[PDB]
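Trainee: Encoded as structure tokens, here's the structure I'll be asking about.
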Amino acid sequence: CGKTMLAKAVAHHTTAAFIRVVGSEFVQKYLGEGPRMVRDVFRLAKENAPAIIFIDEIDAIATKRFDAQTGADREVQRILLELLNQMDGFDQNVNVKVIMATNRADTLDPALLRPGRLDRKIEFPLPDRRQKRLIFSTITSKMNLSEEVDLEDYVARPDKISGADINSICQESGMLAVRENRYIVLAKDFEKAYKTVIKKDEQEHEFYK
Amino acid sequence: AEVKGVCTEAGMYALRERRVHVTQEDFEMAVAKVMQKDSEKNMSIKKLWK
Amino acid sequence: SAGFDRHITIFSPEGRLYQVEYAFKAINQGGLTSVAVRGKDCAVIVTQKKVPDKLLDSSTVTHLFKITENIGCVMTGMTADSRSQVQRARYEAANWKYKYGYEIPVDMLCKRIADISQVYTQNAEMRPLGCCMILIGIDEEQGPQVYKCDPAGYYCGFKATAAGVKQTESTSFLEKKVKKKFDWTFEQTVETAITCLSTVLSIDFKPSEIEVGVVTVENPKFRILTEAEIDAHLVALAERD
Amino acid sequence: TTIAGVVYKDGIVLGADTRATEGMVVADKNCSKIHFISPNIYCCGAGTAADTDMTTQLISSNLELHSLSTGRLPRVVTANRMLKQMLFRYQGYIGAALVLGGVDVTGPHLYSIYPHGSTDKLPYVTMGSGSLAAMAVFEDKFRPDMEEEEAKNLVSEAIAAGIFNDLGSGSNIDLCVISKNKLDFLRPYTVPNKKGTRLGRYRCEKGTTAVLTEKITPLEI
Amino acid sequence: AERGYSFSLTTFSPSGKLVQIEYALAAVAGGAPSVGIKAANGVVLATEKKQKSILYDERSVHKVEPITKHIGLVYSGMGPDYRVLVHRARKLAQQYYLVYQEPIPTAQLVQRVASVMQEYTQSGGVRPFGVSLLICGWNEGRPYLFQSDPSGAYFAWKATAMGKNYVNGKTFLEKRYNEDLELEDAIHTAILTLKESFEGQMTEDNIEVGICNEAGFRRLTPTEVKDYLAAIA
Amino acid sequence: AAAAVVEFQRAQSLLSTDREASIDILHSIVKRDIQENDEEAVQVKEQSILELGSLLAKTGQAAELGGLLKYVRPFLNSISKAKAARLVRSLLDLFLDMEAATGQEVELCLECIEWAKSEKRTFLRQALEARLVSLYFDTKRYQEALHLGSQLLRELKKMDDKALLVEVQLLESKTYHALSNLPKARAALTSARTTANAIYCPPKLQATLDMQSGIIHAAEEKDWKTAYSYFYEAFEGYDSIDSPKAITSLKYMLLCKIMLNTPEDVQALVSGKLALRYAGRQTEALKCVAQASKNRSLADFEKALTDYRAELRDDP
Amino acid sequence: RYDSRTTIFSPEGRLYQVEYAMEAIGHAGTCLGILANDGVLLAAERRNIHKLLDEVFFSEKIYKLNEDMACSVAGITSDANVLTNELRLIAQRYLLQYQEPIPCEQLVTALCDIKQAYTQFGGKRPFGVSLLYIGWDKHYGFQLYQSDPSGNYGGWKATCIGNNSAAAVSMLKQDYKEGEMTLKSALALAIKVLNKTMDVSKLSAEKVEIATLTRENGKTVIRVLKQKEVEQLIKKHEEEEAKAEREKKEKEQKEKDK
Ligand SMILES: Nc1ncnc2c1ncn2[C@@H]1O[C@H](COP(=O)(O)OP(=O)(O)O)[C@@H](O)[C@H]1O
Ligand SMILES: [Mg+2]
């Protein structure tokens, strides 16, 4: 629904630094390498005065309190514990910031979710009708479009698409228009892309529903 | 931690409306925004136990 | 999430029955393919026919069976499981006629086999037989009936169905064809079916390596069209198109 | 106990009497010997009341489950087959003789199911105590393809003959007209025998036989 | 987490949780949208009937079926399991009718279907019925709406929704639901709660609605449902 | 009450053709008394007064409002006004909504509020107060509008009719923006929207919230894209409801498309499927002003501004 | 690992799955029970009164096993229904055979033998249920027992099972008159313990269920207190605590004056 993009946009209108990592990058293999990388990341954040640290997918490491009865769940919990220490600890950060995107937001640890010195919460829901109209406007102003290509009748139609979906609709419509060799897209192009990336979530087994 | 967050969120609410004062209702909204007790809506999983 | 895969009665944490899905995968493993289309007053089923040896007898090799006089079936899946399911359907049809005293509607016959398969998917016995069974018949009130009885428990009624390897392309083509004047004649339905199979296969059909069966509101019997009928339809209709 | 049934132009017309004798004593005056197997199938029971009632109920339950499964009204061949097969599985101890009738997509039907499980499709059927007189009247005054009113009059006169010529026959003549359009259940259509018109009042005034003990209990509201 | 204790159904967990029934409920939630509303003088059940094509004859398999002319039943979850439960529910209703000459009270029918689910959720080789049932009924004079879950648990509802987006359905019903909602408006509320969950155009033929009032449970025909949809839109 | 319904229908025919006869017949129906057990007659006569108010709207005949607010109150405490207060709501709304000035103006609304105070029916007292606040805003007495709104919302945070809470909050936001305290108007709008995201928002209230959101964003944040988005949501809602004030929403839409320095889209919007029934000098004025902005011709710009007065001279 | 089967003994002699069920009972609702010379009572915590649910069943956790006995259930709902049905069947079987309402001890022993069979036989998980039985029997008058999943039952003057049941029983120990408590005092104490154990510090009729058994006119009466009486008790207790708080404030004022 657009959170990587708002992160990149703050990076655009940022003045300090935007250090991006993916939770897998901490989930790397070899004991203590994940904590090593988290500590290196936060140390870089600090050595830079106002820098920002972004973690793209935290559900991999940020988990609940599972009593690790193996050698691997224990290491994942170790990654999370090192993250907690670095975010808050005996070495209170100096003007450093942290951003996370999780995509689940339910099984995160109560620690990392500590509604205190560790995190605030924000919502990024499915583009409503308003947001979706803005999606169309922002994506499509750059393209070249006909006069019978009204987007306002591609929003009122109920549909549980997102911002990525609408970008894909527009890109696929333009691709199809060029394939059929016109330099102006048309309502047929948008119809075809609409049906190409709305019903794509199909071919499922029907006995489940 | 919740207490710190409540004070901080009341302060940010004050920051919102070009104001340098925090009021009781602002603290209340801060409490609501900080102590978000997410609850499972799956009534079946919730009624499994009598 | 591959640990919830070795038993037909253990759910996955995301609510999926993997060994129910694998029965459909077995359908696709059948190798052959089948299609069916229902018109205003007719119902036609078309099906592959592979005879990869000169000693195989085309008289025996066939996947269009006669469950009873008025109801016929096309199989898509392992042949042994298909024939067991065919025997079961024959049994249930006969028992229905014996108890309730009138020919079983296709509705109920497909329902009944669907429920047998459902019993097998729930109680951890058997091994859900891997065949997809498409039934055709004549119903006095509604008219022609085409139904499909997947090996997980759906007995759904179809305006035009496809089963087997080319199911997706067949369904696409049938949607495209149906969207134009669904009121089809006997010959037009026979065509629609044969043309759908030919196009989804990128092949042209010999009059023998295809099995076609038909029922009609004037002929309520499962007529397995012979070599003559298959050849005539193919050649003449492709020519006159 | 006398029941009768005829098939007319549009459907079926069934007619039973109202009496069930436990010996030579008239236990009931207004028994319900026509029973509902489905919205278009009614069954007239004669013989042992308990078994006819329970057999009709079980068959109605099976046929209603069948109807809710099919979506189409049950057809009388199924009712007849279930009845006969059950009554034969029980080698005859179910003293229920059932004039089954109905109207289905294939027109009317009127079966007669004897206790042992022998069935006989027929235009007119009477079986029971007074089937004697009922069938006499039918044979003497039946003409194929009657209309509603004439069929009703015929199957009422037959039951009247049963009433007036068979001990243990009823006091009221109940009818059931079944067709694709109507399901009339006349209960009772006619009252051949009304009452004796009791003579001068002879009650016993308040206070005629005192008591020995009382435990009047104050049950709540 | 409690990993080992999730492949069976006769083995508790340290938390005390039987994982397999919760998985079944996940399967249930991963099903079609269905909504139920208890009006002041009736009950309304609706359920998305969307097919994967125009090929499926969308009149052959219904989803809102009767169990008597005062009780009816709709579902979310799987379909074969649903057919089995509907068959057994009709059988239980008729058994009760024979034993006691009185149409089965909806509470008792719900209790017995729940007992059936319990039978199926308590042995080492029986898969819990993955389907959750909404049972509508009219007993005495008070409409009843119950929910039966794979766990053998039965519970009353003023109004609910189940399927892929039950959270959204239930918040919408919470907003729009008032006790004295006569049936003609309960139908609109149910259809709207289906709209807020129903991708694509809610044509009159891809939606199934069944209403249970004093006259007896009845599944609305395509003409009636089309009329209602046009009125709402 | 078939005979009474026939009398009411012939009164409607007289409304169509000879209105005075309809007025007299409805007045007689009102004068008719009602039983103490049944309610069919009171239903008939309340519909009769509704159509009498319709007659007053059609003919500007507000002279009866004194009676309709003085002599009908006594009997009205018979149909459990706790739920029938919608009737008084409609009566007062239509009254104050006729084309001609009511003369009494706030006087009659205050009389109604005092009558409700005597009745001790707070449920309707709240509605009367909210409508009075709207009247104050319409007459531009923003200060007293704001005062009553603050009192009423302080009361409504602890009582029922959260829809009326949203109404009063939006009235306060409109008054705040009129007084030009944009930060406080935005605060009121955010409160109204948070309270609206917990209850059912009819199309009218949802579109009003969207329009006010558009006005506030247009004024303050200079995020005219979001301003246009909200304005268009309001326009679609008002078009769906068939509401008089959809032309205003469309004008704001065109205004956003102009102030974004993209005047080429004004014509596209005006010649747009939805925005045909609303065609007229209102939209042609934005057309001309956007043409002037496109050609960067201040002469034509001022020409249009003077030529389209009352289309771009009055809406603040 | 000695917990994959009910019938498996651990090397330290513990039936793990039995302990698993016993601890699982904690996650259920909260039931407490008090015996008094005049009567007996149970209290139950309605965990879930989401306003879109309904109140069709007057009792969602307390059941009437026969005219002389009631039982509160806590645990898995399916097992709860199964066990309550078996309890009713046992009671009426005893009535048929002997013609005297079953002694509460005998009924509890029967059901707990059923649970023992389950914990000792084949592939059947132990019933994940704990029950509190109240009743009257001609042998030992009023009586209250608690039965666990392991089939073990204890006769308790007062007791509690469920969430924070340890705290509930601690407060029962503190405030229970071992031989003098009457029914009204029992209700007061039950309300106090419920208020202190329920997660919400504020009680109401929307979260509690009280059941009272008393012998009147020679016959037993099992009454589930209506919301009116429930709210009156909740009030009386809350205002009593408020009066105690006012007395504490007066004591603080006196100390300040000193
Ligand atoms: N509001 C928006 N405006 C334009 N594009 C959007 C918007 N929201 C999402 N997108 C599209 O989504 C893609 C980025 O999605 P992303 O933020 O990575 O989602 P996630 O990170 O949750 O998978 C971009 O390619 C962009 O085109
Ligand atoms: Mg990203």
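The way I read the labels, and the way they are meant: chains A, B, ... in the order of the structure tokens, residue 1 as the first residue of every chain, and ligand 1 as the first ligand shown, with later ones counted on from there.
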For segment 28-42 of chain C, find every residue with an atom within 6 Å (counting only C-alpha atoms), except residues of its own chain fewer than 4 positions away, and show them as a list in words.

Mentor: residues 46, 47, 48, 77, 78, 159, 160, 161, 162, 163, 164, 165, 183, 184, 186, 215, 216 and 217 of chain C

Trainee: May I ask you to write as a list in words all residues lying at most 10 Å from ligand 2, with only C-alpha atoms and all ligand atoms counted?

Mentor: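 Every residue with an atom at most 10 Å from ligand 2 is listed here: residues 1, 2, 3, 4, 5, 6, 7, 8, 22, 55, 56, 57 and 101 of chain A.
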
Trainee: Any residue with an atom at most 12 Å from ligand 1 counts, using only C-alpha atoms and all ligand atoms. Which are they? Put them as a PyMOL selection string.

Mentor: chain A and resi 1-9+22+55-58+100-104+123-142+161-171

Trainee: Taking only C-alpha atoms into account, report as a VMD selection string which residues of chain E lie within 7 Å of chain C.

Mentor: chain E and resid 7 20 23 to 24 26 to 27 54 to 57 60 to 61 80 125 to 127

Trainee: If you count only C-alpha atoms, which residues fall within 9 Å of residue 49 of chain A, apart from same-chain ones fewer than 2 positions away, as a PyMOL selection string?

Mentor: chain A and resi 16-17+45-47+51+94-96

Trainee: For residue 72 of chain E, please output as a PyMOL selection string all residues within 12 Å (counting only C-alpha atoms; exclusion window: fewer than 4 positions along the same chain).

Mentor: (chain D and resi 68) or (chain E and resi 36+43-46+63-68+86+89-90+93+104-106+109-110+133-138+143-146+209-213+216-219)

Trainee: Print the selection's residues with C-alpha atoms to a file, as a PDB file, in the first residue's frame.

Mentor:
ATOM      1  CA  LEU D  68     -35.264 -31.045   0.613  1.00  0.00           C
TER       2      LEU D  68
ATOM      3  CA  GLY E  36     -26.222 -12.753   9.282  1.00  0.00           C
ATOM      4  CA  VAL E  43     -33.433 -13.244  10.396  1.00  0.00           C
ATOM      5  CA  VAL E  44     -31.469 -12.627   7.206  1.00  0.00           C
ATOM      6  CA  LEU E  45     -28.545 -14.632   5.852  1.00  0.00           C
ATOM      7  CA  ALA E  46     -26.481 -13.746   2.806  1.00  0.00           C
ATOM      8  CA  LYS E  63     -25.458 -22.112  -0.231  1.00  0.00           C
ATOM      9  CA  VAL E  64     -28.480 -21.053   1.852  1.00  0.00           C
ATOM     10  CA  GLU E  65     -30.511 -24.241   2.379  1.00  0.00           C
ATOM     11  CA  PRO E  66     -33.455 -25.188   4.597  1.00  0.00           C
ATOM     12  CA  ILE E  67     -33.641 -27.782   7.351  1.00  0.00           C
ATOM     13  CA  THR E  68     -37.370 -27.353   7.968  1.00  0.00           C
ATOM     14  CA  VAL E  86     -26.625 -30.020   6.046  1.00  0.00           C
ATOM     15  CA  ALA E  89     -28.828 -31.430  10.251  1.00  0.00           C
ATOM     16  CA  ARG E  90     -31.874 -32.428   8.228  1.00  0.00           C
ATOM     17  CA  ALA E  93     -34.362 -32.350  12.620  1.00  0.00           C
ATOM     18  CA  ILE E 104     -37.102 -28.855  16.154  1.00  0.00           C
ATOM     19  CA  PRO E 105     -36.352 -25.719  18.184  1.00  0.00           C
ATOM     20  CA  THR E 106     -33.443 -23.900  16.621  1.00  0.00           C
ATOM     21  CA  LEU E 109     -30.840 -28.254  16.347  1.00  0.00           C
ATOM     22  CA  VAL E 110     -27.791 -26.044  16.815  1.00  0.00           C
ATOM     23  CA  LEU E 133     -22.493 -22.462  10.115  1.00  0.00           C
ATOM     24  CA  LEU E 134     -25.023 -19.707  10.640  1.00  0.00           C
ATOM     25  CA  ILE E 135     -28.339 -21.264  11.641  1.00  0.00           C
ATOM     26  CA  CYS E 136     -31.432 -19.090  11.327  1.00  0.00           C
ATOM     27  CA  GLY E 137     -34.749 -20.052  12.834  1.00  0.00           C
ATOM     28  CA  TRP E 138     -38.128 -18.903  14.048  1.00  0.00           C
ATOM     29  CA  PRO E 143     -35.995 -15.171  15.691  1.00  0.00           C
ATOM     30  CA  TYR E 144     -32.810 -17.066  16.515  1.00  0.00           C
ATOM     31  CA  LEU E 145     -29.402 -16.770  14.864  1.00  0.00           C
ATOM     32  CA  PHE E 146     -26.685 -19.166  15.993  1.00  0.00           C
ATOM     33  CA  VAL E 209     -29.966 -14.379   0.348  1.00  0.00           C
ATOM     34  CA  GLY E 210     -32.314 -16.328   2.589  1.00  0.00           C
ATOM     35  CA  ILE E 211     -34.843 -14.830   4.966  1.00  0.00           C
ATOM     36  CA  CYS E 212     -36.440 -16.594   7.924  1.00  0.00           C
ATOM     37  CA  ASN E 213     -39.630 -15.077   9.318  1.00  0.00           C
ATOM     38  CA  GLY E 216     -41.055 -19.929   7.315  1.00  0.00           C
ATOM     39  CA  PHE E 217     -37.525 -19.888   5.979  1.00  0.00           C
ATOM     40  CA  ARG E 218     -37.344 -19.047   2.281  1.00  0.00           C
ATOM     41  CA  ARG E 219     -34.468 -18.517  -0.139  1.00  0.00           C
TER      42      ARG E 219
END

Trainee: Find the spatial neighbours of residue 100 of chain F, counting only C-alpha atoms, within a cut-off of 9 Å - ignore same-chain residues fewer than 4 positions away - and output them as a PyMOL selection string.

Mentor: chain F and resi 60+62+96

Trainee: Under the rule that only C-alpha atoms are counted, which of F:42, F:171, F:299, F:165 is the nearest residue to residue 132 of chain F?

Mentor: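 Checking each candidate against residue 132 of chain F, we get F:171 as the closest.
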
Trainee: If we count only C-alpha atoms, what is near residue 47 of chain B at a cut-off of 9 Å, once residues fewer than 3 positions away on the same chain are taken out, given as a PyMOL selection string?

Mentor: (chain B and resi 42-44+50) or (chain E and resi 153-155) or (chain G and resi 47-48+76-77)

Trainee: Hey, list the chain B side of the contact with chain E: 7 Å cut-off, only C-alpha atoms, answer as a PDB file with N, CA, C and O atoms, in the first residue's frame.

Mentor:
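Contents of the output file result_16.pdb:
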ATOM      1  N   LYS B  41     -10.359 -10.672  16.820  1.00  0.00           N
ATOM      2  CA  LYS B  41     -11.775 -10.564  16.513  1.00  0.00           C
ATOM      3  C   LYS B  41     -12.402 -11.910  16.177  1.00  0.00           C
ATOM      4  O   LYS B  41     -13.617 -11.981  15.973  1.00  0.00           O
ATOM      5  N   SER B  44     -14.754 -17.179  17.366  1.00  0.00           N
ATOM      6  CA  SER B  44     -14.681 -18.620  17.569  1.00  0.00           C
ATOM      7  C   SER B  44     -13.436 -18.994  18.361  1.00  0.00           C
ATOM      8  O   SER B  44     -13.512 -19.743  19.346  1.00  0.00           O
ATOM      9  N   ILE B  45     -12.275 -18.478  17.949  1.00  0.00           N
ATOM     10  CA  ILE B  45     -11.055 -18.757  18.693  1.00  0.00           C
ATOM     11  C   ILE B  45     -11.187 -18.226  20.102  1.00  0.00           C
ATOM     12  O   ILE B  45     -10.537 -18.720  21.030  1.00  0.00           O
ATOM     13  N   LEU B  48     -13.622 -20.741  22.134  1.00  0.00           N
ATOM     14  CA  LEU B  48     -13.142 -22.107  22.304  1.00  0.00           C
ATOM     15  C   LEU B  48     -13.238 -22.538  23.759  1.00  0.00           C
ATOM     16  O   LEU B  48     -13.633 -23.670  24.053  1.00  0.00           O
TER      17      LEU B  48
END

Trainee: Write out as a ChimeraX atom specification which residues come within 12 Å of residue 27 of chain F when counting only C-alpha atoms, dropping same-chain ones fewer than 3 positions away.

Mentor: /F:8,11,20-24,30-33,45-53,55,64,67-68,71-72

Trainee: Would you save the residues from that selection as a JSON list (two decimals), in the first residue's frame, using N, CA, C and O atoms?

Mentor:
[["chain", "number", "residue", "atom", "x", "y", "z"],
["F", 8, "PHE", "N", -56.77, 12.66, 1.50],
["F", 8, "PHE", "CA", -55.42, 13.19, 1.42],
["F", 8, "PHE", "C", -54.93, 13.26, -0.03],
["F", 8, "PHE", "O", -54.25, 14.21, -0.42],
["F", 11, "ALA", "N", -56.60, 16.10, -1.64],
["F", 11, "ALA", "CA", -55.89, 17.29, -1.18],
["F", 11, "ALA", "C", -54.59, 17.48, -1.95],
["F", 11, "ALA", "O", -54.19, 18.61, -2.23],
["F", 20, "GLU", "N", -55.34, 26.36, -2.58],
["F", 20, "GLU", "CA", -56.06, 26.84, -1.40],
["F", 20, "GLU", "C", -57.01, 25.79, -0.86],
["F", 20, "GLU", "O", -57.15, 25.63, 0.36],
["F", 21, "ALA", "N", -57.68, 25.05, -1.75],
["F", 21, "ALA", "CA", -58.57, 23.98, -1.30],
["F", 21, "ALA", "C", -57.79, 22.91, -0.55],
["F", 21, "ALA", "O", -58.25, 22.39, 0.47],
["F", 22, "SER", "N", -56.60, 22.56, -1.05],
["F", 22, "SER", "CA", -55.76, 21.59, -0.35],
["F", 22, "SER", "C", -55.37, 22.11, 1.03],
["F", 22, "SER", "O", -55.38, 21.35, 2.01],
["F", 23, "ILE", "N", -55.01, 23.39, 1.12],
["F", 23, "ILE", "CA", -54.64, 23.96, 2.41],
["F", 23, "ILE", "C", -55.81, 23.85, 3.38],
["F", 23, "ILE", "O", -55.64, 23.44, 4.53],
["F", 24, "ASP", "N", -57.00, 24.21, 2.92],
["F", 24, "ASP", "CA", -58.17, 24.15, 3.78],
["F", 24, "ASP", "C", -58.46, 22.71, 4.22],
["F", 24, "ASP", "O", -58.78, 22.47, 5.39],
["F", 30, "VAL", "N", -56.23, 18.43, 10.28],
["F", 30, "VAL", "CA", -55.50, 18.71, 11.52],
["F", 30, "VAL", "C", -56.48, 19.02, 12.65],
["F", 30, "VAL", "O", -56.33, 18.52, 13.77],
["F", 31, "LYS", "N", -57.48, 19.86, 12.37],
["F", 31, "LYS", "CA", -58.46, 20.20, 13.39],
["F", 31, "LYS", "C", -59.18, 18.96, 13.91],
["F", 31, "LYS", "O", -59.59, 18.93, 15.08],
["F", 32, "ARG", "N", -59.34, 17.95, 13.07],
["F", 32, "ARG", "CA", -59.96, 16.70, 13.52],
["F", 32, "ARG", "C", -59.21, 16.14, 14.72],
["F", 32, "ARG", "O", -57.97, 16.09, 14.72],
["F", 33, "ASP", "N", -59.95, 15.71, 15.73],
["F", 33, "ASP", "CA", -59.36, 15.12, 16.92],
["F", 33, "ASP", "C", -59.02, 13.65, 16.66],
["F", 33, "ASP", "O", -59.35, 13.07, 15.63],
["F", 45, "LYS", "N", -52.96, 12.58, 10.16],
["F", 45, "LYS", "CA", -52.90, 14.03, 10.32],
["F", 45, "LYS", "C", -51.46, 14.53, 10.38],
["F", 45, "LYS", "O", -51.20, 15.67, 9.99],
["F", 46, "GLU", "N", -50.52, 13.72, 10.87],
["F", 46, "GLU", "CA", -49.13, 14.16, 10.81],
["F", 46, "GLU", "C", -48.66, 14.21, 9.36],
["F", 46, "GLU", "O", -47.95, 15.14, 8.96],
["F", 47, "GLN", "N", -49.06, 13.23, 8.54],
["F", 47, "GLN", "CA", -48.78, 13.34, 7.11],
["F", 47, "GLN", "C", -49.48, 14.55, 6.51],
["F", 47, "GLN", "O", -48.93, 15.20, 5.60],
["F", 48, "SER", "N", -50.67, 14.87, 7.00],
["F", 48, "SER", "CA", -51.39, 16.05, 6.50],
["F", 48, "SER", "C", -50.62, 17.33, 6.80],
["F", 48, "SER", "O", -50.53, 18.21, 5.94],
["F", 49, "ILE", "N", -50.07, 17.46, 8.01],
["F", 49, "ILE", "CA", -49.29, 18.65, 8.32],
["F", 49, "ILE", "C", -47.99, 18.66, 7.52],
["F", 49, "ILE", "O", -47.49, 19.72, 7.14],
["F", 50, "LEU", "N", -47.41, 17.48, 7.27],
["F", 50, "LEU", "CA", -46.23, 17.44, 6.40],
["F", 50, "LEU", "C", -46.54, 18.02, 5.03],
["F", 50, "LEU", "O", -45.81, 18.88, 4.52],
["F", 51, "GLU", "N", -47.64, 17.57, 4.42],
["F", 51, "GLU", "CA", -48.00, 18.10, 3.11],
["F", 51, "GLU", "C", -48.47, 19.55, 3.19],
["F", 51, "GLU", "O", -48.35, 20.29, 2.21],
["F", 52, "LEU", "N", -49.00, 19.98, 4.34],
["F", 52, "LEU", "CA", -49.30, 21.39, 4.51],
["F", 52, "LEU", "C", -48.03, 22.23, 4.51],
["F", 52, "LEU", "O", -47.99, 23.30, 3.90],
["F", 53, "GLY", "N", -46.98, 21.75, 5.18],
["F", 53, "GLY", "CA", -45.69, 22.40, 5.08],
["F", 53, "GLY", "C", -45.16, 22.38, 3.66],
["F", 53, "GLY", "O", -44.50, 23.33, 3.22],
["F", 55, "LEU", "N", -47.09, 22.58, 1.03],
["F", 55, "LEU", "CA", -47.84, 23.68, 0.43],
["F", 55, "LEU", "C", -47.22, 25.02, 0.79],
["F", 55, "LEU", "O", -47.11, 25.92, -0.06],
["F", 64, "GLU", "N", -48.65, 30.47, 8.40],
["F", 64, "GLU", "CA", -49.23, 29.45, 9.27],
["F", 64, "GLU", "C", -48.25, 28.90, 10.30],
["F", 64, "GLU", "O", -48.68, 28.17, 11.20],
["F", 67, "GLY", "N", -49.18, 29.05, 14.00],
["F", 67, "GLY", "CA", -50.06, 27.98, 14.42],
["F", 67, "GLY", "C", -49.36, 26.63, 14.48],
["F", 67, "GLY", "O", -49.46, 25.91, 15.47],
["F", 68, "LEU", "N", -48.60, 26.31, 13.43],
["F", 68, "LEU", "CA", -47.93, 25.01, 13.36],
["F", 68, "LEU", "C", -46.87, 24.83, 14.44],
["F", 68, "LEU", "O", -46.38, 23.71, 14.60],
["F", 71, "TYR", "N", -50.12, 25.62, 18.28],
["F", 71, "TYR", "CA", -51.32, 24.84, 18.60],
["F", 71, "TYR", "C", -51.17, 23.35, 18.31],
["F", 71, "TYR", "O", -52.05, 22.58, 18.70],
["F", 72, "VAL", "N", -50.10, 22.93, 17.64],
["F", 72, "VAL", "CA", -49.90, 21.51, 17.38],
["F", 72, "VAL", "C", -49.06, 20.83, 18.46],
["F", 72, "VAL", "O", -49.16, 19.61, 18.63]]

Trainee: Tell me as a CSV table (one decimal) with C-alpha atoms, in the first residue's frame which residues belonging to chain A come within 7 Å of chain B, counting only C-alpha atoms.

Mentor:
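What ended up in iface_15.csv:
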chain,number,residue,atom,x,y,z
A,114,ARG,CA,7.0,-1.2,23.8
A,115,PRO,CA,4.7,1.9,23.3
A,116,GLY,CA,7.6,3.9,24.8
A,117,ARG,CA,11.2,4.4,23.9
